[PDB]
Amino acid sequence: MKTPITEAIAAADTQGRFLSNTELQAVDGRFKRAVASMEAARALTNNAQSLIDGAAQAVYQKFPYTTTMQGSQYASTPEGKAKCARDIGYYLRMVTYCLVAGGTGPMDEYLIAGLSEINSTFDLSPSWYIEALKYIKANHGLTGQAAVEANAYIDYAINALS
């Protein structure tokens, strides 16, 4: 899983080399940034329900047809509404895991790999998810470097959907 520590190791290993000071500096950078990352993680986690519930409404407000149109890929039945809220919660949980790990590895492995295939096969629009992510970014309540950390991983997801 891609983290600043497993990247440093993998680099030394590919060259058959002991760790050097180049790599230990990268880990120190990770350990110092963890203060902001962990602030962001804990906040997002604590406020997860409200963020998830708000984000789903933002989707439905931007794209009203998703609440009316007939078909299992839409949120026009109770089952669809539940699938949608479930998905949005996956995306937020993956953001929290990135902040905890210090990199994109968890989102890359558990969500991005296969994402294009999934959306095409089940007729899920990328723009639905982008809208939910934009809501989380606007409404997470963070500032300073904690906000920079959360937004970096939210915007990574947005780019992956674009």
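Throughout, we count residues from 1 along the sequence that is shown.
Higher mean CA temperature factor between 127-135 and 35-43: 35-43, per the PDB entry.
Mean CA B-factor, 52-60 versus 99-107: the higher value falls on 99-107. When all modelled residues of the chain are sorted by CA temperature factor, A147 is found within the middle third. In the deposited entry, the Cα temperature factor of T67 sits in the middle third of values across the chain's modelled residues.
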